[PDB]
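Asks: Just dropping this structure here.
Just so it is clear, none of the values below were taken in a lab; they were calculated from the coordinates. Positions of Cβ are backbone-derived with ideal geometry, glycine not excepted, and every protein chain shown enters the neighbour counts.
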Amino acid sequence: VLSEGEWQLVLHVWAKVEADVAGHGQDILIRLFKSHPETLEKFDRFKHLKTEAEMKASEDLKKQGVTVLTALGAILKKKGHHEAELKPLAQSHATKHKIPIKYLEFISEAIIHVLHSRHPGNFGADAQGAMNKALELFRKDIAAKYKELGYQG
Ligand code: HEM
Ligand SMILES: O=N[O-]
Ligand SMILES: O=N[O-]
Ligand SMILES: O=N[O-]
Ligand SMILES: O=N[O-]
Ligand SMILES: O=N[O-]
Ligand SMILES: O=N[O-]
Ligand SMILES: O=N[O-]
């Protein structure tokens with residue numbers, strides 16, 4: 001359980017993300033695909049992309065990044081009261097896309113990397129700790145849902 005102050009650190013950096021969600025989404029998905037290339041193979045619309053430049057030029061990848069961060073943002077703004085938001089997301093990621101918990105770990109690492117890079121004004125150690133806690137809670141609750149749904153994450 002996060003404290004109110006931890007949530008405030010999370011939502012303060014998120015507010016900066018929201019200044020340019022598309023840009024942040026591109027940076028995060030690209031960081032994930034560079035750092036863990038195997039994760040790209042899960043995306044049929046753009047698994048063929050070969051380079052970061054191609055990735056930056058991809059309107060579809062940009063749209064996907066927006067879709068991811070907007071969904072995540074809505075979850076974060078619930079401050080742990082996110083059961084309703086998690087149901088469809090867990091179902092799709094378990095059953096349609098087959099995304100292991102390990103890969104949700106990888107994207108969380110990518111989120112933290114980009115925020116650290118872009119937002120040192122809002123992402124010092126305490127803020128990064130709070131964001132890590134929020135993302136650990138997300139993964140914990142999604143992992144419990146995966147189990148309910150029948151998916152070894
Ligand atoms: C913060 C973590 C994540 C969030 C909030 C998120 C959110 C979403 C959302 C909202 C969609 C569209 C609706 C849906 O299908 O549920 C989506 C689609 C998808 N997500 Fe994620 N996602 C996350 C992580 C991942 C990761 C790590 C992968 C793969 C390594 C992944 C793979 C997919 C795929 C393959 C689709 C379908 C893309 C397509 O249209 O072809 N997601 N995701
Ligand atoms: O009051 N912040 O943990
Ligand atoms: O885009 N990775 O540093
Ligand atoms: O495409 N925004 O959720
Ligand atoms: O707590 N949401 O599964
Ligand atoms: O449950 N959505 O593919
Ligand atoms: O993408 N994590 O460093
Ligand atoms: O990031 N220094 O607290």
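Asks: Quick one: length gained pulling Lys87 to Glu136 fully straight, 0.36 nm per residue minus the C-alpha distance? Provide the component values of the computation, followed by the final result.
Replies: Values: separation 49, 0.36 × 49 = 17.64 nm, distance 1.70 nm.
Working it through step by step, the gained length comes to 15.9 nm.
Asks: Let me check against my output: what whole-number percent is the relative contact order of the chain, with C-alpha pairs under 8 Å and at least 6 apart?
Replies: 35
Asks: Under a Cβ-only charge scheme (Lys and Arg +1, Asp and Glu -1), can you give me the dipole magnitude of the chain about the Cα centre, in debye to the nearest 20?
Replies: Details: 23 positive and 20 negative charges, 66 e Å.
Dipole size: approximately 320 debye.
Asks: Taking a cut-off of 17 Å between Cα atoms, list the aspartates and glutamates near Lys78, but don't count ones fewer than 8 places away on the same chain.
Replies: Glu4, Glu6, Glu18, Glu136, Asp141
Asks: What spacing in nm lies between the two simple spin-label points modelled at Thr67 and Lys147, each 7 Å away from Cα in the Cβ direction?
Replies: Spacing of the two 7 Å Cα→Cβ label points: 2.9 nm.
Asks: Under 16 Å from a point placed 7 Å out from the Cα of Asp60 along the Cα-to-Cβ direction: which residues of the range 1-45 have their backbone N that close?
Replies: What the label zone holds, given the 16 Å backbone N cut-off, is 30, 40-45.
Asks: Which of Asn122, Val1, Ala53 sits farthest toward the positive end of the charge dipole of the chain, with +1 on the Cβ of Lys and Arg and -1 on the Cβ of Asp and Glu?
Replies: Of the listed residues, the answer is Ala53.
Asks: Please name which of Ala134, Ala71, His12 has its Cα lying farthest along the dipole of the chain towards the positive end, using unit charges on Cβ (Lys, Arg +1; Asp, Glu -1) and the Cα centre as origin.
Replies: Checked the options; the winner is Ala71.
Asks: Give, in nm to one decimal, the length gained when the segment between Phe43 and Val1 is fully stretched (0.36 nm per residue of separation minus the Cα-Cα distance).
Replies: Working: separation 42, 0.36 × 42 = 15.12 nm, distance 3.26 nm.
Extra length from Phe43 to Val1 when fully extended: 11.9 nm.
Asks: In a GNM of the chain with a 10 Å cut-off on Cα contacts, which of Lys62, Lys50, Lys77 has the highest mean-square fluctuation?
Replies: Residue with maximal mean-square fluctuation among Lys62, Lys50, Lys77: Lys50.
Asks: For the chain, what does -39500 (n - 2.57) per DSSP helix run (n ≥ 4), summed and divided by total residues, give at 222 nm, in deg cm²/dmol to the nearest 500?
Replies: -22500 deg cm²/dmol
Asks: Please label the shape of the chain as rounded, prolate or oblate, based on the square roots a ≥ b ≥ c of the eigenvalues of the alpha-carbon gyration tensor (a/c under 1.5 means rounded; beyond that, a/b larger than b/c means prolate, else oblate).
Replies: Judged from the Cα gyration tensor, the chain comes out oblate (a/c at least 1.5, b/c at or above a/b).
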